[PDB]
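Only one chain comes next, encoded as structure tokens, the form deposited in one PDB entry.
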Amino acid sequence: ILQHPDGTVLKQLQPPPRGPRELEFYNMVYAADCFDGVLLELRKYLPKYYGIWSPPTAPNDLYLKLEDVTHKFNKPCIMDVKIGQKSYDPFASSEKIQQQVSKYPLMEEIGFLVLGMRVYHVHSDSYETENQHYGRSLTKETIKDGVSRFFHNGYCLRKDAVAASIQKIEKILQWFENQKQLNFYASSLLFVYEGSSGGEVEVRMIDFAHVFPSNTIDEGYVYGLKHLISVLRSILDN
């Protein structure tokens, strides 16, 4: 992810088949001739897509030009949360399935995984960051407090951002309950709120290298969203 001053990011295509699949996902959803109401509605929850991009001197080097959803914030607090019960896709080998389940064996149980966070602390004018090992260390016993940390600025719990996040996620949940054409594996929600205004958050769906056509509800994704909403809801009683 390369941040560009113009308010966009350049996401480098992942190696094949993942990069190519994410490109085709964005191209499908943002097709200029698309009249699919499910897909038109989905656009509301994704970063705006500005097409494929590569450097002038390097046609080989492929990127997705996307809206930087953090650009309108002064001190953006950012959390990446993987959603679903399975983070492997329907066509993974036994070895790949095993590797993906071992990366976080509670995925089925919890339905989501914190990939990282960057939280602005008001008193020090500084950020505290957590890497992938933070969320992977969380269990049922510690997920509520694990998620809460994102919304604590060193002085208070930002319950305004927690409540706004629930409301934004609820619209995404509604979309998932009104579609049976796509299932999403190893995809995330990107949470952003203002660290420095009240109730102002972004929640956007990202990471689409394992989105597949389907005939059914994405049950794993629904479970994950529901559980995530429940955890956030409990944090409002802190």
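One-based numbering along the sequence shown.
The discussion below concerns the form solved in complex with a small molecule, not included here.
No residue of the trio 85, 178 and 227 has any heavy atom within 4.5 Å of the small molecule in the bound PDB entry. In the bound PDB entry, at least one heavy atom of residue 99 sits within 4.5 Å of a heavy atom of the small molecule. A residue is said to contact a partner when one of its heavy atoms sits within 4.5 Å of a partner heavy atom; residue 186 meets this definition for the small molecule in the bound PDB entry. Although the partner is absent from this view, residue 167 stays clear of the small molecule in the bound PDB entry, with no non-hydrogen atom inside 4.5 angstroms. Looking at residue 136, you'd find a heavy atom of it within 4.5 angstroms of the small molecule in the bound PDB entry.
Think of it this way: in the bound PDB entry, the small molecule has a heavy atom of just one of 103, 121, 72, 144 within 4.5 Å, and the residue is 103.
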